[PDB]
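*Asks:* Would you mind keeping the following structure in view while I ask a few things?
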Amino acid sequence: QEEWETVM
Amino acid sequence: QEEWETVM
Amino acid sequence: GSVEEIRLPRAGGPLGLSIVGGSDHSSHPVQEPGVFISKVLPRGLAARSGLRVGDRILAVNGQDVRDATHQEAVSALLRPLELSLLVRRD
Amino acid sequence: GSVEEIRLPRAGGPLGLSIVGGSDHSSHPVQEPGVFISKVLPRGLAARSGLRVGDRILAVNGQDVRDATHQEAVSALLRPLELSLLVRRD
Ligand SMILES: [Cl-]
Ligand SMILES: [Cl-]
């Protein structure tokens with residue numbers, strides 16, 4: 001429940 | 001702005 | 001081809017794993033289809049319970065998380081006292 | 001040791017990169033400190049604009065995203081017409 005990778 | 005990996 | 005059941009006791013707070021993939025993340029170039037375990041903590045519940053990095057999550061408490069979206073999978077894992085995962089290790 | 005400036009025109013919707021790290025994700029075992037570019041899309045704005053996989057994001061429109069949290073970095077990248085990134089390539 002923690003973003004470890006974010007694509008943009 | 002899209003979760004590509006979620007740690008738990 | 002292997003398929004294993006992982007019994008993770010829930011309500012234990014930090015689980016000790018990380019997931020990737022989904023039926024919507026198969027577009028932006030994982031190249032295989034499905035959700036996958038990408039990290040297992042050394043002291044993690046998932047690591048000691050048998051879950052390995054690379055395991056595809058086929059089911060969660062009976063649900064068919066296979067061919068599900070990433071957030072669908074996160075929700076399926078967070079909502080369920082006894083976490084019953086069916087995973088693939090091929 | 002290298003340090004480059006990347007000029008990504010904003011308001012272009014999909015950017016074409018992915019980030020990891022943060023000043024809070026340095027606990028759960030990236031092993032180095034900072035935010036990092038983990039993927040650059042082939043046709044991505046970030047790829048063609050020079051951004052490479054492995055580049056640490058030091059600054060975003062003057063901000064010192066260095067030693068910032070993961071979500072702090074995401075917010076710093078999403079909020080700013082002209083995206084001025086200072087990144088490291090050591
Ligand atoms: Cl982890
Ligand atoms: Cl991407």
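Ordering of the structure tokens sets the chain letters (A, B, ...), residue numbers begin anew at 1 in every chain, and ligands are numbered from 1 in the order given.
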Pick out the residues no farther than 12 Å from ligand 1, counting only C-alpha atoms and all ligand atoms, and list them as a PDB file with N, CA, C and O atoms, in the first residue's frame.

*Replies:*
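Contents of the output file result-v2.pdb:
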ATOM      1  N   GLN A   1       0.842  -1.189   0.000  1.00  0.00           N
ATOM      2  CA  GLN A   1       0.000   0.000   0.000  1.00  0.00           C
ATOM      3  C   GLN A   1       0.883   1.248   0.000  1.00  0.00           C
ATOM      4  O   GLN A   1       0.582   2.246   0.657  1.00  0.00           O
ATOM      5  N   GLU A   2       1.985   1.167  -0.743  1.00  0.00           N
ATOM      6  CA  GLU A   2       2.908   2.282  -0.915  1.00  0.00           C
ATOM      7  C   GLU A   2       3.438   2.241  -2.338  1.00  0.00           C
ATOM      8  O   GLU A   2       3.990   1.222  -2.763  1.00  0.00           O
ATOM      9  N   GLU A   3       3.265   3.341  -3.070  1.00  0.00           N
ATOM     10  CA  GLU A   3       3.808   3.444  -4.417  1.00  0.00           C
ATOM     11  C   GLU A   3       5.326   3.355  -4.372  1.00  0.00           C
ATOM     12  O   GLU A   3       5.989   4.239  -3.818  1.00  0.00           O
ATOM     13  N   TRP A   4       5.883   2.291  -4.944  1.00  0.00           N
ATOM     14  CA  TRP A   4       7.325   2.156  -5.079  1.00  0.00           C
ATOM     15  C   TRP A   4       7.814   2.528  -6.472  1.00  0.00           C
ATOM     16  O   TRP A   4       9.021   2.704  -6.661  1.00  0.00           O
TER      17      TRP A   4
ATOM     18  N   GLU B   5       4.204  -0.382  -9.200  1.00  0.00           N
ATOM     19  CA  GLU B   5       4.644  -1.345  -8.201  1.00  0.00           C
ATOM     20  C   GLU B   5       4.105  -0.916  -6.846  1.00  0.00           C
ATOM     21  O   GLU B   5       4.196   0.262  -6.487  1.00  0.00           O
ATOM     22  N   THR B   6       3.549  -1.871  -6.104  1.00  0.00           N
ATOM     23  CA  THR B   6       2.968  -1.617  -4.791  1.00  0.00           C
ATOM     24  C   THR B   6       3.573  -2.587  -3.788  1.00  0.00           C
ATOM     25  O   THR B   6       3.493  -3.805  -3.976  1.00  0.00           O
ATOM     26  N   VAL B   7       4.185  -2.047  -2.732  1.00  0.00           N
ATOM     27  CA  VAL B   7       4.712  -2.857  -1.640  1.00  0.00           C
ATOM     28  C   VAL B   7       3.645  -2.958  -0.559  1.00  0.00           C
ATOM     29  O   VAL B   7       2.849  -2.034  -0.355  1.00  0.00           O
ATOM     30  N   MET B   8       3.632  -4.089   0.142  1.00  0.00           N
ATOM     31  CA  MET B   8       2.641  -4.343   1.182  1.00  0.00           C
ATOM     32  C   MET B   8       3.251  -5.096   2.360  1.00  0.00           C
ATOM     33  O   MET B   8       2.710  -5.074   3.465  1.00  0.00           O
TER      34      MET B   8
ATOM     35  N   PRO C  14       2.343  -4.897   8.182  1.00  0.00           N
ATOM     36  CA  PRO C  14       3.270  -5.090   7.057  1.00  0.00           C
ATOM     37  C   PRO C  14       3.350  -6.552   6.644  1.00  0.00           C
ATOM     38  O   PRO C  14       3.574  -7.439   7.471  1.00  0.00           O
ATOM     39  N   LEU C  15       3.170  -6.797   5.346  1.00  0.00           N
ATOM     40  CA  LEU C  15       3.174  -8.150   4.801  1.00  0.00           C
ATOM     41  C   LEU C  15       4.565  -8.587   4.360  1.00  0.00           C
ATOM     42  O   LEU C  15       4.962  -9.729   4.616  1.00  0.00           O
ATOM     43  N   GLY C  16       5.304  -7.707   3.694  1.00  0.00           N
ATOM     44  CA  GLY C  16       6.657  -7.986   3.278  1.00  0.00           C
ATOM     45  C   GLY C  16       6.834  -8.414   1.838  1.00  0.00           C
ATOM     46  O   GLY C  16       7.753  -9.191   1.553  1.00  0.00           O
ATOM     47  N   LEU C  17       5.993  -7.934   0.922  1.00  0.00           N
ATOM     48  CA  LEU C  17       6.123  -8.260  -0.490  1.00  0.00           C
ATOM     49  C   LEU C  17       5.845  -7.018  -1.326  1.00  0.00           C
ATOM     50  O   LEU C  17       5.437  -5.971  -0.816  1.00  0.00           O
ATOM     51  N   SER C  18       6.079  -7.148  -2.629  1.00  0.00           N
ATOM     52  CA  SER C  18       5.714  -6.106  -3.582  1.00  0.00           C
ATOM     53  C   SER C  18       5.244  -6.758  -4.874  1.00  0.00           C
ATOM     54  O   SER C  18       5.791  -7.780  -5.296  1.00  0.00           O
ATOM     55  N   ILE C  19       4.224  -6.162  -5.496  1.00  0.00           N
ATOM     56  CA  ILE C  19       3.594  -6.722  -6.683  1.00  0.00           C
ATOM     57  C   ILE C  19       3.749  -5.752  -7.851  1.00  0.00           C
ATOM     58  O   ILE C  19       3.952  -4.547  -7.676  1.00  0.00           O
ATOM     59  N   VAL C  20       3.655  -6.306  -9.061  1.00  0.00           N
ATOM     60  CA  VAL C  20       3.657  -5.545 -10.303  1.00  0.00           C
ATOM     61  C   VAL C  20       2.654  -6.191 -11.254  1.00  0.00           C
ATOM     62  O   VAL C  20       2.046  -7.219 -10.945  1.00  0.00           O
ATOM     63  N   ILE C  37       4.873 -11.276  -8.160  1.00  0.00           N
ATOM     64  CA  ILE C  37       5.615 -10.862  -6.973  1.00  0.00           C
ATOM     65  C   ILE C  37       7.002 -10.411  -7.416  1.00  0.00           C
ATOM     66  O   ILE C  37       7.753 -11.186  -8.018  1.00  0.00           O
ATOM     67  N   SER C  38       7.348  -9.158  -7.114  1.00  0.00           N
ATOM     68  CA  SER C  38       8.634  -8.600  -7.511  1.00  0.00           C
ATOM     69  C   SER C  38       9.650  -8.547  -6.379  1.00  0.00           C
ATOM     70  O   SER C  38      10.856  -8.526  -6.653  1.00  0.00           O
ATOM     71  N   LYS C  39       9.201  -8.518  -5.126  1.00  0.00           N
ATOM     72  CA  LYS C  39      10.100  -8.496  -3.984  1.00  0.00           C
ATOM     73  C   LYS C  39       9.461  -9.272  -2.846  1.00  0.00           C
ATOM     74  O   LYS C  39       8.256  -9.143  -2.605  1.00  0.00           O
ATOM     75  N   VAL C  40      10.279 -10.062  -2.155  1.00  0.00           N
ATOM     76  CA  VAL C  40       9.900 -10.741  -0.921  1.00  0.00           C
ATOM     77  C   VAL C  40      10.884 -10.295   0.153  1.00  0.00           C
ATOM     78  O   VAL C  40      12.102 -10.430  -0.018  1.00  0.00           O
ATOM     79  N   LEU C  41      10.364  -9.739   1.245  1.00  0.00           N
ATOM     80  CA  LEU C  41      11.230  -9.242   2.305  1.00  0.00           C
ATOM     81  C   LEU C  41      11.971 -10.418   2.948  1.00  0.00           C
ATOM     82  O   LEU C  41      11.427 -11.512   3.059  1.00  0.00           O
ATOM     83  N   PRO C  42      13.226 -10.213   3.373  1.00  0.00           N
ATOM     84  CA  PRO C  42      13.945 -11.324   4.030  1.00  0.00           C
ATOM     85  C   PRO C  42      13.192 -11.912   5.214  1.00  0.00           C
ATOM     86  O   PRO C  42      12.956 -13.128   5.259  1.00  0.00           O
ATOM     87  N   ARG C  43      12.810 -11.079   6.180  1.00  0.00           N
ATOM     88  CA  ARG C  43      11.972 -11.491   7.298  1.00  0.00           C
ATOM     89  C   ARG C  43      10.487 -11.407   6.971  1.00  0.00           C
ATOM     90  O   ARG C  43       9.656 -11.475   7.884  1.00  0.00           O
ATOM     91  N   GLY C  44      10.137 -11.265   5.696  1.00  0.00           N
ATOM     92  CA  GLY C  44       8.753 -11.046   5.337  1.00  0.00           C
ATOM     93  C   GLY C  44       7.883 -12.255   5.621  1.00  0.00           C
ATOM     94  O   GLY C  44       8.314 -13.404   5.529  1.00  0.00           O
ATOM     95  N   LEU C  45       6.629 -11.975   5.984  1.00  0.00           N
ATOM     96  CA  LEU C  45       5.648 -13.044   6.112  1.00  0.00           C
ATOM     97  C   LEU C  45       5.515 -13.806   4.800  1.00  0.00           C
ATOM     98  O   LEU C  45       5.448 -15.041   4.791  1.00  0.00           O
ATOM     99  N   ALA C  46       5.492 -13.083   3.679  1.00  0.00           N
ATOM    100  CA  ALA C  46       5.341 -13.732   2.382  1.00  0.00           C
ATOM    101  C   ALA C  46       6.559 -14.579   2.041  1.00  0.00           C
ATOM    102  O   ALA C  46       6.423 -15.666   1.467  1.00  0.00           O
ATOM    103  N   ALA C  47       7.756 -14.101   2.379  1.00  0.00           N
ATOM    104  CA  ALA C  47       8.960 -14.878   2.105  1.00  0.00           C
ATOM    105  C   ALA C  47       8.950 -16.188   2.885  1.00  0.00           C
ATOM    106  O   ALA C  47       9.111 -17.270   2.309  1.00  0.00           O
ATOM    107  N   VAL C  53       9.795 -14.327  -5.399  1.00  0.00           N
ATOM    108  CA  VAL C  53       9.799 -13.303  -6.437  1.00  0.00           C
ATOM    109  C   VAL C  53       9.639 -13.975  -7.793  1.00  0.00           C
ATOM    110  O   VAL C  53      10.368 -14.919  -8.128  1.00  0.00           O
TER     111      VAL C  53
ATOM    112  N   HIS D  25      11.589   5.800   0.911  1.00  0.00           N
ATOM    113  CA  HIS D  25      11.746   4.460   0.363  1.00  0.00           C
ATOM    114  C   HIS D  25      13.173   3.945   0.475  1.00  0.00           C
ATOM    115  O   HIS D  25      13.455   2.836   0.007  1.00  0.00           O
ATOM    116  N   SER D  26      14.073   4.712   1.083  1.00  0.00           N
ATOM    117  CA  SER D  26      15.441   4.274   1.315  1.00  0.00           C
ATOM    118  C   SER D  26      15.568   3.367   2.535  1.00  0.00           C
ATOM    119  O   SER D  26      16.694   3.060   2.945  1.00  0.00           O
ATOM    120  N   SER D  27      14.449   2.937   3.120  1.00  0.00           N
ATOM    121  CA  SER D  27      14.447   2.076   4.298  1.00  0.00           C
ATOM    122  C   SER D  27      14.120   0.625   3.963  1.00  0.00           C
ATOM    123  O   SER D  27      14.878  -0.280   4.327  1.00  0.00           O
ATOM    124  N   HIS D  28      13.008   0.381   3.286  1.00  0.00           N
ATOM    125  CA  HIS D  28      12.638  -0.978   2.907  1.00  0.00           C
ATOM    126  C   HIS D  28      13.615  -1.485   1.853  1.00  0.00           C
ATOM    127  O   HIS D  28      13.587  -0.990   0.719  1.00  0.00           O
ATOM    128  N   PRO D  29      14.486  -2.459   2.164  1.00  0.00           N
ATOM    129  CA  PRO D  29      15.528  -2.866   1.214  1.00  0.00           C
ATOM    130  C   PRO D  29      14.984  -3.614   0.001  1.00  0.00           C
ATOM    131  O   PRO D  29      13.773  -3.815  -0.088  1.00  0.00           O
ATOM    132  N   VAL D  30      15.750   0.836  -3.906  1.00  0.00           N
ATOM    133  CA  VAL D  30      17.086   1.327  -4.212  1.00  0.00           C
ATOM    134  C   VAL D  30      17.959   1.306  -2.968  1.00  0.00           C
ATOM    135  O   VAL D  30      17.489   1.571  -1.861  1.00  0.00           O
TER     136      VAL D  30
END

*Asks:* Between CA of residue 75 in chain C and CA of residue 23 in chain D, what is the distance, to one decimal in Å?

*Replies:*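 Between CA of residue 75 in chain C and CA of residue 23 in chain D the gap is 26.1 Å.
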
*Asks:* Would you mind reading off the distance between CA of residue 56 in chain C and CA of residue 72 in chain C, one decimal, in Å?

*Replies:* 14.5 Å
